[PDB]
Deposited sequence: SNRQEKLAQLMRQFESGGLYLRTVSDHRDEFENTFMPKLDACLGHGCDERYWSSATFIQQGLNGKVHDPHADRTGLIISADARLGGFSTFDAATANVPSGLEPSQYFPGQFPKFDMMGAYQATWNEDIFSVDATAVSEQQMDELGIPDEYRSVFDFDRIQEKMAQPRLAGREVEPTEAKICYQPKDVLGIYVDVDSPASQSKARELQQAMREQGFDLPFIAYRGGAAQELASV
């Protein structure tokens, strides 16, 4: 798809069921050591699920923050069709994702039996007998992400960065994240967008903030 087609697909997903936003500390590391190996596989014997990455769920009307401690990252806007490994509101091989937040759950219930189980390998039955509240559980499909985030979205309440483990493929990359308050973010995004276009993936710049997304000309 061309740039306009990606932009349209991005906004369509953002305005309906949402999608993912992955900030990156090192755009060259992400391009050279994650995107390019994914692409080589896709154009070779086929795409594979070698590389898993952290990203935040974004969606129109959901005032969600992204992970950027120094307000200086660029990043990738990634399709909701990316393969999902696990999602939580609190914050790699599939199977490593915790079913629930042990320390969070303990500080909610003060049920010391929480410490008798392994939170990466506990049955939904066990978790019910333990009394683990739903806000401390992870979810593992996209519809459950939407449901988990529906109450803050409809409330218009600000929330912290959420974490999905995803495995994106090159076709899933729909946009380049730009922090409009950061010179560094815009400098890095510029370079990253140029490198991806040169590979055949021409992406729009996207200002995301506070449940709203906007296309940018150049940064």
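Note: segment 92-105 is the sole part of the deposited sequence with no C-alpha coordinates in the structure.
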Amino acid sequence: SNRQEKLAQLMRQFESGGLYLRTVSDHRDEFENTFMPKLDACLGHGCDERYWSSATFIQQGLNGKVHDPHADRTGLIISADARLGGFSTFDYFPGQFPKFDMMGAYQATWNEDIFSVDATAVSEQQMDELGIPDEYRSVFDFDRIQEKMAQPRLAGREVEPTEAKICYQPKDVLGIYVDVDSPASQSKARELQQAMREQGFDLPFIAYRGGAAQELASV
From here on, numbers count along this sequence of modelled residues.
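Modelling of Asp91 is missing from a third or more of the other compared entries in which both of its neighbours are modelled. If you average the C-alpha B-factors over 36-44 and over 167-175, the higher value belongs to 36-44. Legend: mean Cα B-factor per stretch from the PDB entry, 45-53 versus 182-190; the higher mean is in 45-53. The PDB entry assigns its highest CA temperature factor, among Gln125, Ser79, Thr74, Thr109, to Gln125. The residue among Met103, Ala121, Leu84, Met149 whose C-alpha atom has the highest B-factor in the PDB entry is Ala121. Among the modelled residues of its chain, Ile132 has a C-alpha B-factor that falls in the middle third, as given in the PDB entry. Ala8: CA B factor in the middle third of modelled residues in this chain (values from the PDB entry).
Looking at the C-alpha B-factors along this chain, the one for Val139 belongs to the lowest third. In the PDB entry, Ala155 places in the highest third of its chain by CA B-factor.
Ranked by Cα temperature factor within the chain, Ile114 sits in the middle third according to the deposited record.
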